[PDB]
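A.B. asks: This is the structure I want to talk about, given as structure tokens.
Every residue, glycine as well, gets a Cβ built from its backbone with ideal geometry; the counts of neighbours run over all protein chains shown. Just so it is clear, none of the values below were taken in a lab; they were calculated from the coordinates.
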Amino acid sequence: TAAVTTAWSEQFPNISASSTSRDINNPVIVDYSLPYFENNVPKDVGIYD
Amino acid sequence: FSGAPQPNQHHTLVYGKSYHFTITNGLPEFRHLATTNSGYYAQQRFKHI
């Protein structure tokens with residue numbers, strides 16, 4: 001209603017990563033199902049393979 | 001006899017300079033600008049460009 005000029009601000013509530021560097025965190029999770037009472041389980045994934 | 005006027009003058013100038021400037025980083029910032037005649041603009045300044 002009052003289209004007045006505002007002050008400069010670096011505080012972008014959520015600026016796109018297409019305009020600047022932005023932190024993201026999406027760790028991959030490996031599941032090892034245990035459907036039975038006594039399950040057959042493998043050794044942890046050897047990520048280096 | 002066959003007369004003819006003098007030519008127009010055509011000069012070519014060549015100039016040049018060299019400078020040493022320094023610039024720095026800057027996070028992006030935004031604001032809204034209001035101007036006379038009800039002008040309204042959304043502005044985004046890249047302090048690193």
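A.B. asks: May I ask you to list the residues in the stretch A:18-49 that are surrounded by 10 or more Cβ atoms within 10 Å (Cβ to Cβ) and either small (G, A, S) or in contact (Cβ under 8 Å) with a residue 40 or more places away in the chain (or both)?
C.D. replies: A:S19
A.B. asks: Here is a further query. Considering the stretch B:1-42 alone, what residues qualify as being under 28 Å from A:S18 (Cα atoms), assigned to a loop (DSSP other than H, G, I, E, B) and hydroxyl-bearing (S, T, Y)?
C.D. replies: B:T22, B:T24
A.B. asks: Does B:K47 satisfy the criteria of being away from chain A (no Cβ under 14 Å) and of a type in the set (D, E, K, R)?
C.D. replies: Against the criterion (away from chain A (no Cβ under 14 Å) and of a type in the set (D, E, K, R)), B:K47 does not qualify.
A.B. asks: Looking at this structure, is A:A3 surrounded by fewer than 10 Cβ atoms within 10 Å (Cβ to Cβ), of a type in the set (G, A, S), within 30 Å of B:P28 (Cα to Cα) and more than 25 Å from the chain's Cα centre (by Cα)?
C.D. replies: Against the criterion (surrounded by fewer than 10 Cβ atoms within 10 Å (Cβ to Cβ), of a type in the set (G, A, S), within 30 Å of B:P28 (Cα to Cα) and more than 25 Å from the chain's Cα centre (by Cα)), A:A3 does not qualify.
Residue by residue, here is whether (1) within 14 Å of another protein chain (Cβ to nearest Cβ); (2) in contact with a strand residue (DSSP E or B) (Cβ under 7 Å, 6 or more places away or on another chain); (3) among the hydrophobic types (A, V, I, L, M, F, W, C) holds:
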position	(1), (2), (3)
A:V4	yes, yes, yes
A:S16	yes, no, no
A:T20	yes, yes, no
A:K43	no, no, no
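A.B. asks: Does B:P7 qualify as being at the interface with chain A (Cβ under 8 Å from one of its Cβ atoms), more than 13 Å from A:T5 (Cα to Cα) and of a type outside the set (D, E, K, R)?
C.D. replies: So B:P7 fails the test.
A.B. asks: While we're looking at this one, here's another question. Which residues, taken from the stretch A:4-42, are closer than 24 Å to B:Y41 by Cβ and acidic (D, E)?
C.D. replies: A:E10
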